[PDB]
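Both counts, for ligands and for their atoms, begin at 1 and track the order of listing. So you know, we letter chains A, B, ... as the sequences are listed, proteins then strands, and number each from 1.
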Amino acid sequence: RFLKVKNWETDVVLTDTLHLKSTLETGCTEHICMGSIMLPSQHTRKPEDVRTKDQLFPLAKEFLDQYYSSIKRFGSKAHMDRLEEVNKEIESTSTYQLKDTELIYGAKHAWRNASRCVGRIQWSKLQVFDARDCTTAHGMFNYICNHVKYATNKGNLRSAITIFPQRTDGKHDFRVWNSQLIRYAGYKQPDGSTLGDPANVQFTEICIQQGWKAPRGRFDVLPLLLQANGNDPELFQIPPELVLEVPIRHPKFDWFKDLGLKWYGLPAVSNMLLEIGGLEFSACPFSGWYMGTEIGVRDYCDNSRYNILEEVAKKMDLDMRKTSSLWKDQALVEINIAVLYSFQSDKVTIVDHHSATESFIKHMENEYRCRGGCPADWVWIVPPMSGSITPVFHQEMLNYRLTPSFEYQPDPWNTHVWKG
Amino acid sequence: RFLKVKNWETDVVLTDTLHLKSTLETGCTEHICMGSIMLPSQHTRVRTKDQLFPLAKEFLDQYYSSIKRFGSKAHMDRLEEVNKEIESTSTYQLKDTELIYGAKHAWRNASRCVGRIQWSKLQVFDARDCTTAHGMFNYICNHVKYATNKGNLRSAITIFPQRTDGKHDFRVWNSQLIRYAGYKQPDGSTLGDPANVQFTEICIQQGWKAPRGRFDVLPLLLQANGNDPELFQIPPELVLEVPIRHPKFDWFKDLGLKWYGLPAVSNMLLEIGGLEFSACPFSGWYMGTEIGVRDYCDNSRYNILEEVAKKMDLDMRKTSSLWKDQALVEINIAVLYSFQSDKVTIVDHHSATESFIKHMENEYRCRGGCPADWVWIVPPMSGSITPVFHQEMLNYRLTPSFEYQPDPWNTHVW
Ligand code: HEM
Ligand code: HEM
Ligand SMILES: Cc1cc(N)nc(CCc2cc(F)cc(CC[C@@H]3CCCN3)c2)c1
Ligand SMILES: Cc1cc(N)nc(CCc2cc(F)cc(CC[C@@H]3CCCN3)c2)c1
Ligand SMILES: C[C@H](O)[C@H](O)[C@H]1CNc2nc(N)[nH]c(=O)c2N1
Ligand SMILES: C[C@H](O)[C@H](O)[C@H]1CNc2nc(N)[nH]c(=O)c2N1
Ligand SMILES: [Zn+2]
């Protein structure tokens with residue numbers, strides 16, 4: 001079966017056959033589309049769902065078939081020997097270890113398969129750091145520091161992922177309790193207002209309970225809370241000289257610097273789960289570089305985040321009485337101009353949403369031609385401002401789940417059995 | 001099976017049971033989501049005697065429930081009467097009350113429509129007695145004048161006779177009652193609206209005398225009883241237009257932009273209780289972004305971004321100056337400002353999406369849900385600063401419904 005997608009701006013039609021290799025489920029049915037559900041059950045991974053031999057060798061075999069195909073060795077003796085070796089290791093030890101080459105392939109293809117990621121043109125240039133020999137939270141801290149230094153590269157950002165030991169019985173998990181490696185604290189005040197990043201209040205409170213001495217400012221970089229081998233997590237402070245930040249100023253508005261805004265340069269997601277051949281890597285922080293709107297639209301202008309639209313619109317002296325003045329849209333553009341101006345001026349890698357979406361369309365067409373498709377989630381790919389003046393708005397997309405993959409997992413403070 | 005949707009800005013959670021009453025199909029499966037396909041086969045559209053009575057029964061069931069007469073004598077009598085009429089005539093006719101209910105509920109069920117908070121105030125014009133294209137023209141002029149109301153726009157639909165054997169179809173060939181012509185210039189580009197180049201051709205290539213201008217109101221091409229379609233010019237005094245100026249940039253007027261007040265979709269199919277109304281033009285009032293973002297700034301449409309930005313003297317060397325985004329906001333300020341100045345009804349995308357969230361809350365509370373298509377509900381600019389961006393939505397197909405149908409010129413047995 002073949003499936004066509006049309007770009008309604010250019011009339012380019014592409015044909016998807018890759019969806020036939022889709023294994024996991026979407027959450028939709030013929031009678032209901034769940035395409036706007038944020039974290040459906042099919043995109044998450046409960047740690048209690050630890051796999052049996054029963055289901056593991058078919059997942060391994062399918063991964064290894066894909067791997068050996070990509071290296072033009074399908075059906076070779078190396079291929080058959082590896083299948084044999086993995087089979088014996090499973091029935092004997094109930095799990096198996098990936099080779100270094102397989103791990104690198106797996107992590108690159110999990111990103112390649114991430115249908116919500118607009119930055120996938122870069123997928124083949126991922127630096128994979130093998131941390132599967134790590135045993136303690138202190139060792140995790142050291143690996144994460146090296147990831148941050150490497151990825152940051154003094155502003156010339158480089159994509160990277162660090163992969164800690166895989167899940168065994170779900171009782172000895174490695175977890176990074178931070179949602180991102182670098183994030184600002186948030187503090188609920190007694191008067192109900194929030195200081196700092198409202199999205200991080202709950203995690204900030206955990207850190208404080210675990211002994212963090214909170215500066216209680218608006219942009220305090222959170223400590224790392226790291227869990228090795230299923231033990232209680234431990235606190236660590238990232239060396240501040242490793243945390244690259246950018247003060248936000250506007251190229252025309254001199255008062256903008258006086259808002260006191262900054263952001264960090266390195267977006268590094270650390271709470272997702274990497275699935276490769278049925279193995280589950282519960283700690284696998286990865287990082288790239290920012291698209292401007294992630295900071296300028298969502299981080300700064302979501303009502304439930306720093307929420308700076310009013311103050312910016314006040315200082316611009318826009319007509320704030322009626323929404324039809326579009327004072328919110330005007331301030332939004334100026335804030336996003338400032339984010340991009342500030343990063344470029346400091347020579348920190350950033351991409352604007354016009355550039356990123358145009359590159360994604362080129363990536364997607366290439367993937368149709370060389371791979372037979374490119375799974376893509378329109379709801380997430382379209383940028384959160386100026387949607388229809390980017391080319392992805394007009395692009396039909398097919399969403400399906402391929403493995404290897406990144407999955408969501410429950411926050412560990414909800415599942416952890418505390419040792420004390 | 002009893003599903004929940006969450007708003008991530010407010011944490012409000014709603015429970016949906018209405019989807020269990022879904023009848024048509026989405027195009028998705030458990031292995032693939034087609035949520036961003038413009039026109040799956042299901043959203044496009046002869047009925048045999050067999051499929052028609054269950055459809056009629058389902059519709060009459062929900063109608064008599066809505067008036068609290070489910071299981072009443074009147075209900076059962078109507079069921080058998082339509083049953084008798086289908087067995088006999090191979091179709092049936094709706095009572096006026098059922099027609100009005102069916103139309104309002106087709107709008108209520110339109111999961112892609114952000115304006116549905118207004119669904120119950122729709123003015124239904126019964127045109128089922130119409131027999132000719134001149135009669136269709138008369139009915140449409142009356143609709144346009146009633147709906148326009150000197151700029152105090154009112155929602156309305158006009159329903160022409162239902163499909164019979166599929167050979168006597170009533171169709172409005174225009175996609176909207178009021179749209180601007182488009183012509184392929186000899187110099188290579190496109191004058192007017194590029195979206196309407198084909199239809200503009202079929203007007204000339206059927207008789208129209210085009211002014212070959214940039215904002216020429218297209219004539220109506222009306223098809224009655226399956227005959228050949230006929231041209232009619234809508235009286236200009238009935239077509240309310242708005243010159244587009246900016247409340248700060250005096251040069252804006254020199255761009256020469258205008259738009260019409262009345263958005264009136266004319267090419268969809270209305271399905272009520274199995275019956276098919278192939279000609280059912282309906283109208284409401286614009287959300288500003290429809291004109292300013294899509295009509296004016298789409299690259300396949302009037303595509304004015306570059307010209308506006310040049311007149312603003314923005315740095316167009318690099319995309320990262322966000323000159324497109326700046327111009328886009330100013331264009332959309334001008335649209336709202338112009339309509340508001342001329343006292344023509346318009347809603348901005350902030351007000352409309354806030355209204356839709358309130359509508360969703362009402363529908364979940366009083367109906368058990370509200371089918372909604374996030375890809376279409378979220379506005380084409382400033383998506384995440386509108387509340388619908390953060391609102392999870394369940395998309396499913398309820399009937400009565402509006403459906404797409406093939407363009408007539410591809411189907412007409414000429
Ligand atoms: C290199 C530049 C990159 C850019 C510009 C980029 C951009 C984005 C953006 C804007 C999103 C939407 C998420 C949101 O709005 O919060 C996203 C999602 C995602 N990105 Fe990328 N990304 C990049 C690199 C990477 C890398 C290196 C990885 C992994 C190796 C990755 C994996 C993902 C995944 C898994 C998601 C999906 C999250 C979900 O399913 O909810 N990205 N990306
Ligand atoms: C009164 C104010 C109204 C507003 C502000 C409004 C707004 C919108 C918008 C912005 C869209 C998106 C489609 C596009 O971008 O081209 C839409 C779709 C739609 N509207 Fe409404 N509308 C209104 C009235 C009505 C009425 C009176 C009807 C029918 C009686 C209706 C039926 C529909 C349908 C069926 C669609 C979806 C077409 C599809 O499935 O692709 N609307 N509306
Ligand atoms: C690697 C990377 C690059 C880049 N430009 N941006 C990112 C962050 C995007 C991202 C990537 C990702 F994989 C997961 C998330 C979490 C999204 C949450 C879910 C609810 C609220 N938001 C976010 C990562
Ligand atoms: C009644 C009405 C009100 C309003 N504010 N806007 C409209 C027009 C919106 C609309 C409503 C509708 F039902 C159909 C269409 C045509 C869809 C095409 C196909 C892809 C691009 N557009 C458009 C109608
Ligand atoms: C409900 C809705 O799915 C949710 O708000 C989504 C919409 N699209 C998104 N797209 C991106 N890139 N990031 C997001 O967090 C979201 N949130
Ligand atoms: C391919 C994609 O579905 C297409 O561009 C859609 C996206 N969302 C839309 N949303 C609305 N309201 N109107 C549209 O025409 C579209 N076009
Ligand atoms: Zn779907």
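- Residues satisfying the ring-ring contact (aromatic ring centres under 6.0 Å, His included) test with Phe360(A), not counting sequence neighbours, are none.
- The shortest N or O to N or O distance between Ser36(B) and ligand 6 is under 3.5 Å.
- Using a cut-off of 4.0 Å between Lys/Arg side-chain N and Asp/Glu carboxylate O, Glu403(B) and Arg397(B) are scored as salt-bridged.
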Any protein N or O within less than 3.5 Å of an N or O in ligand 4? List each pair with its distance, or say none.
residue  : atom  : partner   : partner atom : Å
ligand 4 : 5 (N) : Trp285(B) : O            : 2.8
ligand 4 : 5 (N) : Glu290(B) : OE2          : 2.8
ligand 4 : 6 (N) : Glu290(B) : OE1          : 2.7

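- Proximity of the aromatic rings of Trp285(B) and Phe339(B) is defined here by a centroid distance below 6.0 angstrom, and this criterion is not met.
- The heavy atom nearest to atom 13 (C) of ligand 2, out of those in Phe282(B), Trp376(B), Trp285(B), is found in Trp376(B).
- Ring planes of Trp409(B) and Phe199(B): tilted class, angle from 30 to 60°.
- Relative to atom 38 (C) of ligand 2, the option among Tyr404(B), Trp119(B), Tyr286(B), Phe402(B) with the closest non-hydrogen atom is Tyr404(B).
- Contact between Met397(A) and ligand 6 is absent, with no heavy atom of the residue lying under 4.0 Å from the ligand.
- Inspection of the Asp16(B) and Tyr364(B) side chains reveals an N or O donor paired with an N or O acceptor under 3.5 Å.
- Annotation for ligand 2: atoms under 4.0 Å from non-hydrogen atoms of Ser283(B) are 27 (C).
- Counting heavy atoms under 4.0 Å from ligand 2, residue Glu290(B) touches it through the side chain alone.
- Within ligand 2, the atoms closer than 4.0 Å to a non-hydrogen atom of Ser155(B) are 1 (C), numbered from 1 in the order shown.
- Of all atoms in ligand 2, listed by their number and element, those nearer than 4.0 Å to a heavy atom of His43(B) are 39 (C), 40 (O).
- Considering both main-chain and side-chain atoms, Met38(B) never comes within under 3.5 Å of ligand 6 through any nitrogen or oxygen pair.
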Could you go through residues 377-386 of chain A and list every donor-acceptor pair under 3.5 Å that involves a side-chain atom there, pairing it with any protein atom two or more places apart or in another chain?
residue   : atom : partner   : partner atom : Å
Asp377(A) : OD1  : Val379(A) : N            : 3.1
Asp377(A) : OD2  : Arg116(A) : NE           : 3.0
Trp378(A) : NE1  : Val392(A) : O            : 3.3
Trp378(A) : NE1  : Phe393(A) : O            : 3.0
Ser386(A) : OG   : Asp325(B) : OD2          : 2.5

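- Within a 4.0 Å radius of atom 15 (O) of ligand 2, the protein has no heavy atom.
- Below 3.5 Å of separation, one finds no N or O of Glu396(A) facing any N or O of ligand 6.
- Against a heavy-atom cut-off of under 4.0 Å, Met287(B) is close to the following atoms of ligand 2: 10 (C).
- Near atom 21 (Fe) of ligand 2, less than 2.8 Å away, sit the protein N, O or S atoms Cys113(B) SG.
- Salt bridge present: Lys6(A) and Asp11(A) bring a charged side-chain N and a carboxylate O closer than 4.0 Å.
- In this comparison of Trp8(A), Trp374(B), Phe393(A), the heavy atom closest to atom 17 (N) of ligand 6 sits on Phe393(A).
- We find that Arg108(B) and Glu363(B) are joined by a salt bridge, their nearest charged nitrogen and carboxylate oxygen being less than 4.0 Å apart.
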